[PDB]
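K.L.:
Sharing a structure with you now.
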Amino acid sequence: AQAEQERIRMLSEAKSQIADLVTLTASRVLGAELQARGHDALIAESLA
Amino acid sequence: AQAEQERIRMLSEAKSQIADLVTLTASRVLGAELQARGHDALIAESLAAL
Amino acid sequence: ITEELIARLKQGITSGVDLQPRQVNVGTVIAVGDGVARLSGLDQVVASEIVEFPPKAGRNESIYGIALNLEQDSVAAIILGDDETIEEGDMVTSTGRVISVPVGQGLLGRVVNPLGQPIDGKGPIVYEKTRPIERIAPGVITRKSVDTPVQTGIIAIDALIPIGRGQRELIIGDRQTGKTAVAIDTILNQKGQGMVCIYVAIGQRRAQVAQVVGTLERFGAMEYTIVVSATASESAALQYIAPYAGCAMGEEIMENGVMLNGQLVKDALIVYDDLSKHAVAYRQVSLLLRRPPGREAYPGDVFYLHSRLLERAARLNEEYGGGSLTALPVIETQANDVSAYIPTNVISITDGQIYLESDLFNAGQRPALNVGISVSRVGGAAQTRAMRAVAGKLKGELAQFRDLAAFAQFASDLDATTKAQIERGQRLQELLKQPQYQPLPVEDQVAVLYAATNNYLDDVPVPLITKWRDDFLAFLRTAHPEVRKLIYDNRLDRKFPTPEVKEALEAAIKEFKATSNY
Amino acid sequence: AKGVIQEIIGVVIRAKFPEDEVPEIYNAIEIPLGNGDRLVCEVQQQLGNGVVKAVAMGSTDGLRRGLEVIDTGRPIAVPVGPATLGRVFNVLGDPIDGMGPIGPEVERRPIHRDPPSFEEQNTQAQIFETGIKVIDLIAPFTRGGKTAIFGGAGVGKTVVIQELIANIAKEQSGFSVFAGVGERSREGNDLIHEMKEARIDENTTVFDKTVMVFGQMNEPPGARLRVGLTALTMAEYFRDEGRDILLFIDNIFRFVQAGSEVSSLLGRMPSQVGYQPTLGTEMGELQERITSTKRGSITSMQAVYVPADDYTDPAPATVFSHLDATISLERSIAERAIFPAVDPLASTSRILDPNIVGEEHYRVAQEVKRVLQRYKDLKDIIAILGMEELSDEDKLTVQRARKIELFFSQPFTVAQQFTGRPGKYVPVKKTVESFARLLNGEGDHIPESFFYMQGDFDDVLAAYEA
Amino acid sequence: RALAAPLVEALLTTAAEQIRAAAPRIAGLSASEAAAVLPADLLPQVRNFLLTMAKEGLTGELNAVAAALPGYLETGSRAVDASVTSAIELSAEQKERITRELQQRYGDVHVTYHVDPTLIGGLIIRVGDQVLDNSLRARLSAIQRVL
Ligand SMILES: Nc1ncnc2c1ncn2[C@@H]1O[C@H](COP(=O)(O)OP(=O)(O)OP(=O)(O)O)[C@@H](O)[C@H]1O
Ligand SMILES: [Mg+2]
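Written as structure tokens, this is what we have:
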């Protein structure tokens, strides 16, 4: 029952996952150029 | 003690799960980015890497 | 505190990976035989690495292989999984690790592959440490003389052929004789003796390993038992590396220990269910690799094969931890051919033998030990002082009966002393007879043997002797619970038959005999 | 997907395929012949540059060094289904009986399949109810277990097979499979086909409930090697449906021999006495598909022929490593008109322990075979003492032993139309109760020959009362 | 024909090696320009082959001629299988680009192309027994760092 702490902890989309996606995909994997409209919406729809 | 150990294991599992989500969503992302542009840029970079 | 997760991440992402492309060396499969691939030019491969065979079209998994032969311009890799999928031209990647197996508290009550992958279907293995297969033996000065006894639970073994922690006793027998039965009885008897049993099951049928695991679970012994299994259908590489994985899992117990019943247990017992099948698997591996054979087609380094495996079973001294690892190799001879190659090798390697004969097994002596030839070079050092003090007369009388064993059917027309010796030997042999899955604790065995060596079963007829035991202990289990505890408490006393326990046991035996009729 | 034959040495064919289309390790080669039919080979070793070494499965007495070969991609595909029931097949699944070929609509399954995983295996051994008193008492089978008969000819082994098929088909659904591996074509065929077609049960012939696959001695070593796997695939189809299957691999040893030859011609380095290095693994890949899963159980009762009388030989030892029960048919029991020639002694089974069968079953099975533990050793004494006229109590033991030896016999349903006696199906509980009550002495009132061919002690009593 | 193998193979390999070595220096030359560029110390056929292609301006393809040069006195079967994996299906000009950058490994050896769509970007270059991966290595290295 206390394991619901995981569910309440993971509700940090803006805090962790969005920035982690941005940094991982732009700075590390590819070059710094990440400019295409719709990545924010894609991240939002994929996280859900 | 086993409940505490399982709580720690659940925290580790949550970390692994969010890692899986960030990796999978970063694989979904950058697909359209490469489709729009830069598909040949990576090819050229790798060919120069030889 | 999700901010801790965000801080631990986003830092290793930014500066924890090199991401620099570099040439890596791979190999091409150029010939697939009966489970053997050649891998062509895969350099920088260690002599026993576990190559990967990465997934390709039509195969969503990876079959691993062991690069046993590092030839020139070729690397003959023995395939651990199924060879029917690997084809010529397949790419291989050399994982830099020699085969390692997960170890620790996590692998208790779980059936695993020799690679540490669970096959009981009860979830992933929980672990944090991997121990390497094929490590060097502990060493000469690292060990200590074997003193603590391993209570088998069978009167014959525990009284005449002692097994101690660190002693390597060989269970050698002919086909269906009770070798796995003896091993399982030993495993079931360690319920409260602070030992972690391990069962390796090299080359056994899946049904037999399943029934063994079911027996162990049914008796509650699958909370301190690790079951490895490389069954007959599995590739020869898995059967070849099964005992080494088992003994690595046991060396983790011996060196670091695990929390069993809230106590740090550093003693382990490992049962190699068939080294006669492990040797066959290694012979198949060698002959498919075209290595030069020897006697009975076994490779030259097959004595080395079992020697590495068994010489890692040691009794460490107090400086190195005080742990232990008892090994119980099992061998299936053919027509009692002890002089065969693998049986002689393992007999020379081990510190003792438990000869199980088909003649005694068929006759009715269900624990089919042949005490005449079965030896334990540790001997009395692997027995409690109580059992050591009581079993001497047992051994002497059994030897005397064996000298007169040809005379049992002519007992009537013999000397009075010879007839008495024959009758006592028959009673003792019937006493040593034991059912399956009924191990007797040390105090019960001591009580029964004290009643037998002293003239107390003389009036009981031979066919009822077994029944007598099965009643007497029950009596001690219910009527006189204190005498059993009294025996168990001073079992380590140098002069075990101290007057208090002597009077208690005498009174218990007399009270039982007076009430019962036989 | 088309290669060219390079070398032909006996029944080993080397074929070079294109670089990117090399066949897998167990695919079929299927060499086409001029006269319309094809020679289906089986790959055994990928090697070289597109070159595969394969076993012929046929004569190869009409093949050049340039013939094309058409890889089939999949291993030897055998027809499985209700259609392949009551029919005789070869190693390739082609029906060798008089009736027509199997229709294309029938599912074809690969000959090589993975045995069931460890998780699916039963955690407790279970007795297999055959109905035969001596078999279900002395040497009980195992659900998904292996049993071997050690008997020659004229001891009723074929009739035992027929009754086992009939009993499993009546009490359970009980479809049966018979793989004659390296059998005499006279014994295996036209003396098994005719006897099972003539034998009938519930107006249905035994042959109608049994599949047959026959790889005989005349066929090349590969055919005798893979006939067992063909039968395993056919039985495993029915096992997947949950139905219980009884499989008779006649001369499983001839399977091992076949492999040996297949290795000797393949260039494999010999092991032990000429046998193949891959002996244990080859036997495991066949004996591990014979197991009792949750859905269904393939119970097997094989036949083992030991060269000379050597049980030390690697082939019998490897066979015995995978055996759960042994049934020792004897000439002496058969010639005494005892229709089931199963010897009460020399017939063991690991199920005979009180934990599985039960304490009463073990107790009586030890009570019997104990009066015969001496094999009535009194018979030696009777020979030079005439019983000393009579034994103090031994004479009773002799009477009980003779009565139980007569009682081991049972009228078989398959022989019901031969000897004119109805077949008796005896449950294991009835057998244990009957033998226990006979050993108590209830059977000390009836004379001998009243136990001669009767199913239960109660059936013997009815006869005494009437 | 059998006697040809050693001598003809050696001469053809020498010509191929000389043409490949002089390909960088002798690029876009003429008869006199490559005569002053390409070393005249090579084989009598080698110098002629180097000069004639440049005289007609086909000097850029002269290196490709070297590719056929060994195969003229060989079975021409030892061409590296430089497999090229890329998730994006590649056009003909893309494949020409890859082969022309890949000739630095031996020549234009046997090159096979695959998709493996689960890759993202990049391309996996498997030349002989050396593999260069540049497509999904980054993400999975990152997931290893994260875990
Ligand atoms: N101590 C015993 N008490 C009672 N029955 C026993 C005992 N030991 C063996 N048996 C009987 O003998 C059978 C065979 O024993 P077990 O499986 O232990 O032999 P094994 O030597 O391991 O044989 P295998 O070579 O087939 O693995 C058991 O199933 C059981 O019926
Ligand atoms: Mg065993």
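Residue numbers (the entry's author numbering), protein chains in the order written: chain V, 111 to 158; chain U, 111 to 160; chain C, 4 to 521; chain D, 3 to 468; chain S, 8 to 154. Just so you know, even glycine gets a beta-carbon here, dropped at the ideal spot from N, CA and C.
Does any CB atom of chain S fall closer than 7 Å to the CB of U:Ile118?
P.N.:
Chain S, which has no Cβ nearer than 7 Å to the Cβ of U:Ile118, makes this no.
K.L.:
Comparing C-alpha positions only, which one of S:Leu69, S:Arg112, S:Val15 sits nearest to S:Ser37?
P.N.:
Of the listed residues, the one whose Cα sits closest to S:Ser37 is S:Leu69.
K.L.:
Mapping the DSSP letters down to three states, classify C:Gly68 as helix, strand or coil.
P.N.:
Correct three-state label for C:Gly68: strand.
K.L.:
Helix, strand or coil for C:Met252, going by three-state DSSP, please let me know.
P.N.:
Three-state result, C:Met252: helix.
K.L.:
Answer yes or no: do C:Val115 and C:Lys132 have a C-beta to C-beta separation smaller than 7 Å?
P.N.:
It is not a contact, given that the beta carbons lie outside the stated cut-off.
K.L.:
Regarding D:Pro424 and ligand 1, is the C-beta to nearest heavy atom distance less than 6 Å?
P.N.:
Incorrect: D:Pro424 has no Cβ contact closer than 6 Å to ligand 1.
K.L.:
Identify the contact partners of S:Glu108 in chain U, using a Cβ-Cβ distance below 7 Å as the criterion.
P.N.:
By Cβ distance, chain U contributes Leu157.
K.L.:
Taking three-plus beta-carbon pairs below 8 Å as touching, is the region 371–378 of chain D in contact with the region 160–174 of chain D?
P.N.:
Flag = no, the region 371–378 of chain D and the region 160–174 of chain D do not touch.
K.L.:
Count the C-beta pairs between the region 319–328 of chain D and the region 187–194 of chain D that are closer than 8 Å, then say yes if the count reaches three, no if not.
P.N.:
In short, these stretches do not touch, since the Cβ pair count stays below three.
K.L.:
Report the rounded CA-to-CA distance for S:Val138 versus C:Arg311, giving the unit in angstroms.
P.N.:
Going from the Cα of S:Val138 to the Cα of C:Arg311 covers about 37 Å.
K.L.:
Answer yes or no: does any C-beta atom of chain U fall closer than 7 Å to that of C:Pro58?
P.N.:
Chain U, which has no Cβ nearer than 7 Å to the Cβ of C:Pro58, makes this no.
K.L.:
Which chain D residues are close to C:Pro442, counting only those with a beta carbon under 7 Å from its beta carbon?
P.N.:
Per Cβ cutoff of 7 Å: no residues; C:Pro442 is ~14 Å from chain D at best.
K.L.:
What is the residue span of the beta strand (DSSP E) that D:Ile300 lies within?
P.N.:
D:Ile300 -> beta strand (DSSP E) spans 300–305.
K.L.:
Check whether the region 327–341 of chain C and the region 299–311 of chain D are in contact - that is, three or more C-beta pairs closer than 8 Å.
P.N.:
The region 327–341 of chain C vs the region 299–311 of chain D: no contact.
K.L.:
Helix or strand or just coil, what does DSSP make of C:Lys125?
P.N.:
Coil.
K.L.:
Short check: CB of D:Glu185 to CB of D:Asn253, under 7 Å?
P.N.:
In contact: D:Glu185 and D:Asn253 (Cβ atoms closer than 7 Å).
K.L.:
What whole-angstrom Cβ distance do D:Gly105 and D:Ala79 have, given they're in contact under 8 Å?
P.N.:
Contact flag wrong, Cβ pair sits at about 14 Å.
K.L.:
Would you decide whether S:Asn55 is buried or exposed? Buried here means 16 or more other CB atoms lie within 10 Å of its CB.
P.N.:
Under this definition S:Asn55 is an exposed residue.
K.L.:
Name the residue from D:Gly147, D:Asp394, D:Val54, D:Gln368 whose alpha carbon lies nearest to the alpha carbon of D:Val24.
P.N.:
Measuring from the Cα of D:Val24, the nearest candidate turns out to be D:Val54.
K.L.:
Can you check whether the CB of C:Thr180 is closer than 7 Å to the CB of C:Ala366?
P.N.:
No.
K.L.:
Could you check where the beta strand (DSSP E) with S:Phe56 kicks off and where it finishes?
P.N.:
Segment 51–62 is the alpha helix (DSSP H) holding S:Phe56; no beta strand (DSSP E) there.
K.L.:
Does chain V have any CB closer than 7 Å to the CB of S:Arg27?
P.N.:
By this cut-off, S:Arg27 is not an interface position.
K.L.:
V:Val139 CB to nearest chain S CB: under 7 Å?
P.N.:
So yes, V:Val139 belongs to the interface.
K.L.:
According to DSSP, is C:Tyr453 part of a helix, a strand, or is it coil?
P.N.:
Reduced to three states, the DSSP call for C:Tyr453 is helix.
K.L.:
Whether or not the region 216–230 of chain C and the region 88–105 of chain C are in contact is what I'm after, with contact meaning three or more pairs of Cβ atoms, one per stretch, closer than 8 Å; do they touch?
P.N.:
The region 88–105 of chain C is not in contact with the region 216–230 of chain C.
K.L.:
List in chain order the residues whose CB is within less than 6 Å of at least one heavy atom of ligand 2.
P.N.:
Going by the Cβ distance cut-off, the answer is C:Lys182, C:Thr183.
K.L.:
With D:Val430 as the anchor, note down where its alpha helix (DSSP H) starts and where it stops.
P.N.:
Counting along the chain, the alpha helix (DSSP H) containing D:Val430 begins and ends at 430–442.
K.L.:
Beta-carbon of U:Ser126 versus every beta-carbon of chain S: anything under 7 Å?
P.N.:
Answer yes: the Cβ-Cβ gap between U:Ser126 and chain S drops below 7 Å somewhere.
K.L.:
Consider the C-beta atom of D:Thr320 and the heavy atoms of ligand 1; say whether any pair is separated by less than 6 Å.
P.N.:
Checking every heavy atom of ligand 1 against the Cβ of D:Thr320, none is found closer than 6 Å.
K.L.:
When you compare only the Cα positions, how much space is there between D:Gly146 and D:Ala348?
P.N.:
Each residue's Cα considered, the two are about 22 Å apart.
K.L.:
For a contact defined as C-beta to C-beta under 7 Å, what are the partners of V:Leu134 on chain S?
P.N.:
Neighbours of V:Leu134 on chain S, chain order: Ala149.
K.L.:
Compute the beta-carbon to beta-carbon distance between D:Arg291 and D:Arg115, rounded to the nearest angstrom, for a pair I have assumed lies under 8 Å.
P.N.:
Between D:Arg115 and D:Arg291 the Cβ distance is about 7 Å, and since that is below 8 Å, they are a contact.
K.L.:
Which whole-angstrom value is the C-beta distance of D:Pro112 and D:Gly95, which I expect to be below 8 Å?
P.N.:
Not really, about 11 Å apart at Cβ, beyond 8 Å.
K.L.:
For S:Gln52, which residues in the same chain have their Cβ closer than 7 Å to its Cβ, ignoring the five residues on either side in sequence?
P.N.:
The residues are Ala22.
K.L.:
What does S:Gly83 pair with, by DSSP beta-bridge criteria?
P.N.:
In DSSP, S:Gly83 forms no bridge with anything.
K.L.:
In or out: C:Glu433 buried (at least 16 other Cβ within 10 Å) or exposed?
P.N.:
C:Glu433 comes out buried.
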